[PDB]
Amino acid sequence: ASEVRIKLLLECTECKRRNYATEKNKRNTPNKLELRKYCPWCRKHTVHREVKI
Amino acid sequence: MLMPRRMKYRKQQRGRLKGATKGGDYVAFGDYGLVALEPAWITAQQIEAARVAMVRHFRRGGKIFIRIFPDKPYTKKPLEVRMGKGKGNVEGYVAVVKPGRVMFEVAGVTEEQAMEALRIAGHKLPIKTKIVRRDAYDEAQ
Amino acid sequence: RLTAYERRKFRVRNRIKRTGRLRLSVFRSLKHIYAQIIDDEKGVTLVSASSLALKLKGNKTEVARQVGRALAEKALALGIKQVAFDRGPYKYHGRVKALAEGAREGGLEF
Amino acid sequence: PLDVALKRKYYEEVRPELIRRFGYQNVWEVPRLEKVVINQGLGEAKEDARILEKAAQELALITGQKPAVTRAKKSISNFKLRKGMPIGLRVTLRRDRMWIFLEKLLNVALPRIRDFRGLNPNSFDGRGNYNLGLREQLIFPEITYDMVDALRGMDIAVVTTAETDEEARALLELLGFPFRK
Amino acid sequence: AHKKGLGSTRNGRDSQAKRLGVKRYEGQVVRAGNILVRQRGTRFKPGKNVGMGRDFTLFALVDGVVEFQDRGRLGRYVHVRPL
RNA sequence: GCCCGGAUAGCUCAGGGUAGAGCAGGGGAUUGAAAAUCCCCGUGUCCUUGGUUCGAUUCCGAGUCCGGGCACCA
RNA sequence: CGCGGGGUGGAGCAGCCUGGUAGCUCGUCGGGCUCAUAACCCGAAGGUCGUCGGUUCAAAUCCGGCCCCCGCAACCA
RNA sequence: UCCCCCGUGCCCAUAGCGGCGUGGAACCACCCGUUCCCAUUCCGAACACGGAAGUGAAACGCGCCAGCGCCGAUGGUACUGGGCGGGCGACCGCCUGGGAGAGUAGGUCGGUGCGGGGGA
RNA sequence: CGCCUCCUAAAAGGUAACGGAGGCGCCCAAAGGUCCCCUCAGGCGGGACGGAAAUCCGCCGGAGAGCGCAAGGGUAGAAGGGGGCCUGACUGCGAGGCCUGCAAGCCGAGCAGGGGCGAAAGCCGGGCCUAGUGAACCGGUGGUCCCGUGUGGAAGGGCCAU
RNA sequence: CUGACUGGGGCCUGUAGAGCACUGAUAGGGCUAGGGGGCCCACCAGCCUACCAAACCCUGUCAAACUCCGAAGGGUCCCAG
Ligand SMILES: [K+]
Ligand SMILES: [Mg+2]
Ligand SMILES: [Mg+2]
Ligand SMILES: [Mg+2]
Ligand SMILES: [Mg+2]
Ligand SMILES: [Mg+2]
Ligand SMILES: [Mg+2]
Ligand SMILES: [Mg+2]
Ligand SMILES: [Mg+2]
Ligand SMILES: [Mg+2]
Ligand SMILES: [Mg+2]
Ligand SMILES: [Mg+2]
Ligand SMILES: [Mg+2]
Ligand SMILES: [Mg+2]
Ligand SMILES: [Mg+2]
Ligand SMILES: [Mg+2]
Ligand SMILES: [Mg+2]
Ligand SMILES: [Mg+2]
Ligand SMILES: [Mg+2]
Ligand SMILES: [Mg+2]
Ligand SMILES: [Mg+2]
Ligand SMILES: [Mg+2]
Ligand SMILES: [Mg+2]
Ligand SMILES: [Mg+2]
Ligand SMILES: [Mg+2]
Ligand SMILES: [Mg+2]
Ligand SMILES: [Mg+2]
Ligand SMILES: [Mg+2]
Ligand SMILES: [Mg+2]
Ligand SMILES: [Mg+2]
Ligand SMILES: [Mg+2]
Ligand SMILES: [Mg+2]
Ligand SMILES: [Mg+2]
Ligand SMILES: [Mg+2]
Ligand SMILES: [Mg+2]
Ligand SMILES: [Mg+2]
Ligand SMILES: [Mg+2]
Ligand SMILES: [Mg+2]
Ligand SMILES: [Mg+2]
Ligand SMILES: [Mg+2]
Ligand SMILES: [Mg+2]
Ligand SMILES: [Mg+2]
Ligand SMILES: [Mg+2]
Ligand SMILES: [Mg+2]
Ligand SMILES: [Mg+2]
Ligand SMILES: [Mg+2]
Ligand SMILES: [Mg+2]
Ligand SMILES: [Mg+2]
Ligand SMILES: [Mg+2]
Ligand SMILES: [Mg+2]
Ligand SMILES: [Mg+2]
Ligand SMILES: [Mg+2]
Ligand SMILES: [Mg+2]
Ligand SMILES: [Mg+2]
Ligand SMILES: [Mg+2]
Ligand SMILES: [Mg+2]
Ligand SMILES: [Mg+2]
Ligand SMILES: [Mg+2]
Ligand SMILES: [Mg+2]
Ligand SMILES: [Mg+2]
Ligand SMILES: [Mg+2]
Ligand SMILES: [Mg+2]
Ligand SMILES: [Mg+2]
Ligand SMILES: [Mg+2]
Ligand SMILES: [Mg+2]
Ligand SMILES: [Mg+2]
Ligand SMILES: [Mg+2]
Ligand SMILES: [Mg+2]
Ligand SMILES: [Mg+2]
Ligand SMILES: [Mg+2]
Ligand SMILES: [Mg+2]
Ligand SMILES: [Mg+2]
Ligand SMILES: [Mg+2]
Ligand SMILES: [Mg+2]
Ligand SMILES: [Mg+2]
Ligand SMILES: [Mg+2]
Ligand SMILES: [Mg+2]
Ligand SMILES: [Mg+2]
Ligand SMILES: [Mg+2]
Ligand SMILES: [Mg+2]
Ligand SMILES: [Mg+2]
Ligand SMILES: [Mg+2]
Ligand SMILES: [Mg+2]
Ligand SMILES: [Mg+2]
Ligand SMILES: [Mg+2]
Ligand SMILES: [Mg+2]
Ligand SMILES: [Mg+2]
Ligand SMILES: [Mg+2]
Ligand SMILES: [Mg+2]
Ligand SMILES: [Mg+2]
Ligand SMILES: [Mg+2]
Ligand SMILES: [Mg+2]
Ligand SMILES: [Mg+2]
Ligand SMILES: [Mg+2]
Ligand SMILES: [Mg+2]
Ligand SMILES: [Mg+2]
Ligand SMILES: [Mg+2]
Ligand SMILES: [Mg+2]
Ligand SMILES: [Mg+2]
Ligand SMILES: [Mg+2]
Ligand SMILES: [Mg+2]
Ligand SMILES: [Mg+2]
Ligand SMILES: [Mg+2]
Ligand SMILES: [Mg+2]
Ligand SMILES: [Mg+2]
Ligand SMILES: [Mg+2]
Ligand SMILES: [Mg+2]
Ligand SMILES: [Mg+2]
Ligand SMILES: [Mg+2]
Ligand SMILES: [Mg+2]
Ligand SMILES: [Mg+2]
Ligand SMILES: [Mg+2]
Ligand SMILES: [Mg+2]
Ligand SMILES: [Mg+2]
Ligand SMILES: [Mg+2]
Ligand SMILES: [Mg+2]
Ligand SMILES: [Mg+2]
Ligand SMILES: [Mg+2]
Ligand SMILES: [Mg+2]
Ligand SMILES: [Mg+2]
Ligand SMILES: [Mg+2]
Ligand SMILES: [Mg+2]
Ligand SMILES: [Mg+2]
Ligand SMILES: [Mg+2]
Ligand SMILES: [Mg+2]
Ligand SMILES: [Mg+2]
Ligand SMILES: [Mg+2]
Ligand SMILES: [Mg+2]
Ligand SMILES: [Mg+2]
Ligand SMILES: [Mg+2]
Ligand SMILES: [Mg+2]
Ligand SMILES: [Mg+2]
Ligand SMILES: [Zn+2]
């Protein structure tokens, strides 16, 4: 981790629950991360969006 | 004076000194040689002293072969210090030398010139020595 | 010194043999196509087929599918059903693919 | 395939003269042309522009074949060169497109070189291949001074199956390569 | 009593020992999951019924008996033979 | 994390109907000159995006960056 | 081989921190003004950064050895 | 059962480099084409497809050669587990069991399993 | 002063000194998954600008290159380079082990859910590997709807995640 | 009855010794890219080195952090005492 390499949560875009923790380099990757990930609540894969940790 | 031009590591752990010399036990170049009978760390200063002695006897003539090289860094702490605080600084270089090693050879000179020059050289050495002459045993190696 | 051909052939064969299956190995010449199902643990070919043995001719692809069915036909006879396909140095395409499609059509499991 | 004058000349004129010149026992022993590789090592377009375009568009007109970019293998400070910068165009001409370009290279291009006094005989590979260098791209008929923007030259590699320079020089002179000496 | 000042050494660090090496030798009975070799890179290679983890650790896939095999230029392999 | 603010020409700073002024720089007038002086001249998405209004520096939102302040620290 | 700081045009100082760009004042040289000099005004040149070695695509700049030069310390016995 | 070729293993250079000789009926390759499938950061070179006029030139297969590579004894030595001595030391020596590396002689231009095509 | 690599370390493991030398307190949205393809450094000869070194061609070349950064190990029969599609840098578990005073640290087949790549066999629970780290207490935030001091709520807690 | 220790058998190892194939060091000689040295040239060459200068070749060596090699031993498992 660092000031430019920030921790972040991934929020299921369909039930709004944060499901994963990870990082990115926000200078190299300014856009919000969007990744398909399995949501335990929706018991199915879903688009997940970065939010502030 | 002799010493390595470069080195991987500045300081070596101290030797052991067992066993007859590993190699360089036969006359390879000249006619007569000087043989170590006991082991020792021969310093660069000892070598340079045995060498000059043989030059000033050959009055710039003949050939001199030096077949030992001081590659082993020799370390000493500054005077009056206590033990510890790391290894002392390198103050000189020695050549490990074990019984049977031909350290010097000469040629281009009479048998009487070489025997005397090699005798003087051995007085510069911290060990007993022995003068040898190139035999067929040498040339068979 | 290896060529890309030999590097490729090792590359795919190494991966297949790790799975432990019987290996349906395919060799393709400019004229003929040959198949033999191989036990690498015993080092023994169990069953074979080829246009040269079956004395077939015509469309190389259409002939390739035929040896596939022919190899399968004899394979089911001796109990062999599951198998791993070995395209060796070949792309999974055309003649090799047709032979592969043929063997499945005849009942080999891969 | 199709009919190009140089190709038909290679079989009709140059192959029998080669056999009777060297005594080839096999018909595949006699030297063949293999490929023509054209190299514009630009480096002007390192970062100063993507002028690679206007220079590949002209390579595409000269050879009929779209060039491919070459990128810097290592980084070099003196060259102001970061690893991976697009620093050239190379195109491999084979078969009929090789003949058509070689045919025009001899018939119109090399004569259009000013102070031309023949190709260097010493530039043979040592192993039967040849290389030459051009300083202008408008030496070729498809390029006009109005269509140009900056003079760029090239390296031309002609590869043959001849094992020796001696065989290859006979192959290229018989085809019509004017050698200076 | 004069006491001469002393300098210091810039060294004196070493890392924990990692306990690497072979963990089950040829002829030993092992159970699926047993660790066989701790290693850096593929000093030994996984043979028959032996897996390899992300840190090159070799481990048995079946109950059975360990066997080693030196394949020359192909490398040293560890096998597990079924019982 | 929260409240308060700024970004406007190269530097400084003023600002629902304009894009401003000073200094830096350009020559020109001046002396012996260093200037002061006198003159004219340039140098902007007013940080970015939506939205307002007939209009956008303004007003709003939202983020970017840099200012201040507050509280905290297991 | 106790601990610090420093070495870069001719002199005295930036640049090193944060690797890519050598800068400021004087001095030096060519012109000008003066009867002449100084001052003053207009131009210009000169530094491969103590050294060897390493890292790096690239070292005055970062790291290790050596050379040189200033500063501090050396207490309880 | 034996010879040749094709495919696929195993031993992991006694199997390699180089020099030479040799093979196209079959098999393999190159080859003839680039319509079709598919393909080139450009290129039918590669990958791929459709073919069968030609050539074993390249590749490959098989042989012969010890120049290089590779293997390599026997004997002797170094060292050493255990047992004993010696020297102020640096270090040395004996008994018993084990025993290299280098080097010498020498060997090697592969050997073998399974299947398929062909042959006698 | 913690962590990693090498040596010391006496051919298992472990092994000390203010012993000999270095490194870490990050990084990567691909530098991750999978499928398909490709093979370096350097030597020599050849080629406009072009040099020791840019890009191009031939020959030789088993790895001396490369693998983000120290070192060691490993490695082209790829772990190195290129491309396509993608997010397994999964959720719920976990036989069996390595290591080890504790606590921690490490490797892990296989089952299920819902997926990625592939024709398939299969691979995928980040990264060739070994540093890139901090027990508990106290508090923040999202969720869960488990407790809610006569009762319904609420205040405040608990649990999961960070 | 599984123990210390011991017999046999398999696997693991990189020390002693040795070696120089890798990383470095290194003595003598030969052949030699960059020159100094320099009768000298810059009109464009050169040319000669009883000197330093990679690579290669021959002779000869050194290394805890070098290894093409490599023991005695040591460890561990099985069977037996
Ligand atoms: K006192
Ligand atoms: Mg990330
Ligand atoms: Mg749940
Ligand atoms: Mg965020
Ligand atoms: Mg000692
Ligand atoms: Mg030694
Ligand atoms: Mg002494
Ligand atoms: Mg000492
Ligand atoms: Mg000392
Ligand atoms: Mg000490
Ligand atoms: Mg000796
Ligand atoms: Mg004496
Ligand atoms: Mg005598
Ligand atoms: Mg010898
Ligand atoms: Mg048919
Ligand atoms: Mg077919
Ligand atoms: Mg195959
Ligand atoms: Mg003919
Ligand atoms: Mg065409
Ligand atoms: Mg020539
Ligand atoms: Mg023209
Ligand atoms: Mg050729
Ligand atoms: Mg005292
Ligand atoms: Mg005292
Ligand atoms: Mg006293
Ligand atoms: Mg220190
Ligand atoms: Mg320690
Ligand atoms: Mg430890
Ligand atoms: Mg330790
Ligand atoms: Mg350690
Ligand atoms: Mg082990
Ligand atoms: Mg794994
Ligand atoms: Mg065995
Ligand atoms: Mg087995
Ligand atoms: Mg100075
Ligand atoms: Mg100065
Ligand atoms: Mg500074
Ligand atoms: Mg800077
Ligand atoms: Mg200056
Ligand atoms: Mg002047
Ligand atoms: Mg007068
Ligand atoms: Mg004056
Ligand atoms: Mg100036
Ligand atoms: Mg320094
Ligand atoms: Mg610089
Ligand atoms: Mg006091
Ligand atoms: Mg029979
Ligand atoms: Mg074969
Ligand atoms: Mg065979
Ligand atoms: Mg030969
Ligand atoms: Mg023939
Ligand atoms: Mg042949
Ligand atoms: Mg034929
Ligand atoms: Mg014929
Ligand atoms: Mg078409
Ligand atoms: Mg041939
Ligand atoms: Mg031989
Ligand atoms: Mg051997
Ligand atoms: Mg031997
Ligand atoms: Mg023996
Ligand atoms: Mg002895
Ligand atoms: Mg003994
Ligand atoms: Mg011992
Ligand atoms: Mg013992
Ligand atoms: Mg003893
Ligand atoms: Mg005694
Ligand atoms: Mg004494
Ligand atoms: Mg003894
Ligand atoms: Mg003894
Ligand atoms: Mg004995
Ligand atoms: Mg004995
Ligand atoms: Mg031997
Ligand atoms: Mg003998
Ligand atoms: Mg012999
Ligand atoms: Mg021999
Ligand atoms: Mg023979
Ligand atoms: Mg041989
Ligand atoms: Mg034979
Ligand atoms: Mg064979
Ligand atoms: Mg077999
Ligand atoms: Mg057979
Ligand atoms: Mg038959
Ligand atoms: Mg037969
Ligand atoms: Mg502590
Ligand atoms: Mg720590
Ligand atoms: Mg150990
Ligand atoms: Mg170790
Ligand atoms: Mg243990
Ligand atoms: Mg203790
Ligand atoms: Mg250090
Ligand atoms: Mg440190
Ligand atoms: Mg992404
Ligand atoms: Mg990585
Ligand atoms: Mg990919
Ligand atoms: Mg050249
Ligand atoms: Mg060039
Ligand atoms: Mg690198
Ligand atoms: Mg680094
Ligand atoms: Mg490597
Ligand atoms: Mg890609
Ligand atoms: Mg998709
Ligand atoms: Mg998931
Ligand atoms: Mg467990
Ligand atoms: Mg534990
Ligand atoms: Mg850890
Ligand atoms: Mg599943
Ligand atoms: Mg699946
Ligand atoms: Mg599918
Ligand atoms: Mg599947
Ligand atoms: Mg799994
Ligand atoms: Mg990767
Ligand atoms: Mg507390
Ligand atoms: Mg709490
Ligand atoms: Mg909440
Ligand atoms: Mg409730
Ligand atoms: Mg209540
Ligand atoms: Mg109520
Ligand atoms: Mg209730
Ligand atoms: Mg709470
Ligand atoms: Mg709560
Ligand atoms: Mg018992
Ligand atoms: Mg026991
Ligand atoms: Mg024992
Ligand atoms: Mg030793
Ligand atoms: Mg060496
Ligand atoms: Mg040694
Ligand atoms: Mg050693
Ligand atoms: Mg050997
Ligand atoms: Mg031990
Ligand atoms: Mg034992
Ligand atoms: Mg044992
Ligand atoms: Mg028992
Ligand atoms: Zn959800």
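Here is how names work: the chains are called A, B, and so on, in the same order as the sequence lines, proteins then strands, and each is numbered from 1. Computation of the quantities below employed the complete heavy-atom set of this structure, encompassing side-chain atoms and omitting hydrogens, waters and symmetry-equivalent molecules.
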Q: Remember a base hit wins even if backbone is also touched, and classify A/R18 as base, sugar-phosphate or nothing at under 4.0 Å, heavy atoms.
A: sugar-phosphate
(Q) What contact category does C/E109 fall into here, base, sugar-phosphate, or nothing, at under 4.0 angstrom with non-hydrogen atoms? (A) nothing
Nucleotide N/O of nucleotides 59-62 of chain J paired with protein N/O under 3.5 Å:
unit_1, atom_1, unit_2, atom_2, d
J/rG60, OP1, B/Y26, OH, 2.8
J/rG60, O3', B/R67, NH2, 3.0
J/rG60, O2', B/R67, NH2, 2.8
J/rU61, OP1, B/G24, N, 2.9
J/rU61, OP1, B/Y26, OH, 3.4
J/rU61, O5', B/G24, N, 3.0
J/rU61, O3', B/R101, NH1, 3.2
J/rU61, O2', B/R101, NH1, 3.3
J/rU61, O2', B/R101, NH2, 2.6
J/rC62, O2', B/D71, OD2, 2.5

List every contact pair, protein side and nucleotides 124-128 of chain I side both N or O, where the distance is under 3.5 Å.
unit_1, atom_1, unit_2, atom_2, d
I/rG127, OP1, E/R54, NE, 3.4
I/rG127, OP2, E/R54, NE, 3.3
I/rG127, OP2, E/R54, NH2, 2.7

Give me the distances for all protein-to-nucleotides 28-33 of chain H N/O pairs that come in under 3.5 Å?
unit_1, atom_1, unit_2, atom_2, d
H/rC28, OP1, C/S29, OG, 2.5
H/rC28, OP1, C/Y34, OH, 2.5
H/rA29, OP2, C/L30, N, 3.1

Q. Is there any side-chain hydrogen bond (donor to acceptor under 3.5 Å, both in side chains) pair reaching into residues 31-46 of chain E, and which pairs are they, with sequence neighbours excluded?
A. E/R38-E/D55, E/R38-E/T57
Q | Qualifying residues under ring-ring contact (aromatic ring centres under 6.0 Å, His included), relative to E/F44, sequence neighbours excluded | A | E/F68
Q: Describe the nucleic acid contact of B/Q12 in one word from base, sugar-phosphate, nothing, applying a heavy-atom distance below 4.0 Å.
A: base
Q) If you look at every strand shown and take non-hydrogen atoms under 4.0 Å, does D/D125 touch a base, only sugar-phosphate, or nothing? A) base
Counting only pairs under 3.5 Å, give me each side-chain donor-acceptor contact of residues 7-21 of chain B, with atom names and distances, residues two or more places apart or in other chains.
unit_1, atom_1, unit_2, atom_2, d
B/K11, NZ, B/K87, O, 3.2
B/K11, NZ, B/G88, O, 3.0
B/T21, OG1, B/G23, O, 2.8

**Q.** Pairing residues for D/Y24 by the ring-ring contact (aromatic ring centres under 6.0 Å, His included) criterion, not counting sequence neighbours
**A.** D/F22
Q. Where does J/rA33 land, syn or anti, once you apply the within-90°-of-0 test for syn?
A. syn
Q: Return the set of residues passing ring-ring contact (aromatic ring centres under 6.0 Å, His included) with D/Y130 (not counting sequence neighbours), or none when no residue passes.
A: D/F124, D/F179
Q: Could you say whether E/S8 or B/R6 is positioned toward the 5' end of RNA chain G, judged by the nucleotide with the nearest heavy atom to each?
A: E/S8
Q: Look through every strand shown and name the nucleotide pairing with J/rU23 as Watson-Crick or G-U wobble, where both distances are under 3.5 Å.
A: J/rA63
Q. Are I/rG68 and I/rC67 stacked, with six-ring centres under 5.5 Å and planes under 30°?
A. no
Q) In terms of base orientation, is I/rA30 syn or anti, with the syn window spanning 90° either side of 0? A) syn
Q: Under a 3.5 Å limit for both distances, which nucleotide forms a Watson-Crick or G-U wobble pair with F/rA7, could you say?
A: F/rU64
Q) Sequence neighbours excluded, which residues qualify as ring-ring contact (aromatic ring centres under 6.0 Å, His included) partners of B/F65? A) B/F29
(Q) Strictly by salt bridge (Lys or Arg N to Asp or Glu O under 4.0 Å), give each pair with a member in residues 24-43 of chain A just once, sequence neighbours left out. (A) A/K24-A/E50, A/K32-A/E50, A/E34-A/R49
Q: Tell me what C/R87 touches on the nucleic acid: a base, only sugar-phosphate, or nothing, going by heavy atoms under 4.0 Å.
A: base
Tabulate atom names and distances for all N/O pairs under 3.5 angstrom spanning the protein and nucleotides 81-87 of chain I.
unit_1, atom_1, unit_2, atom_2, d
I/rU87, OP1, A/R36, NH1, 2.3
I/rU87, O2', A/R36, O, 2.8

Q: Give the B/S/- string for nucleotides 5-13 of chain I, one per nucleotide from 5' to 3', where a protein heavy atom under 4.0 Å of the base yields B, of only the sugar-phosphate yields S, and otherwise -.
A: BBBB----S
**Q.** Base-pairing assignment for G/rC26 (Watson-Crick or G-U wobble, both under 3.5 Å)
**A.** G/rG10
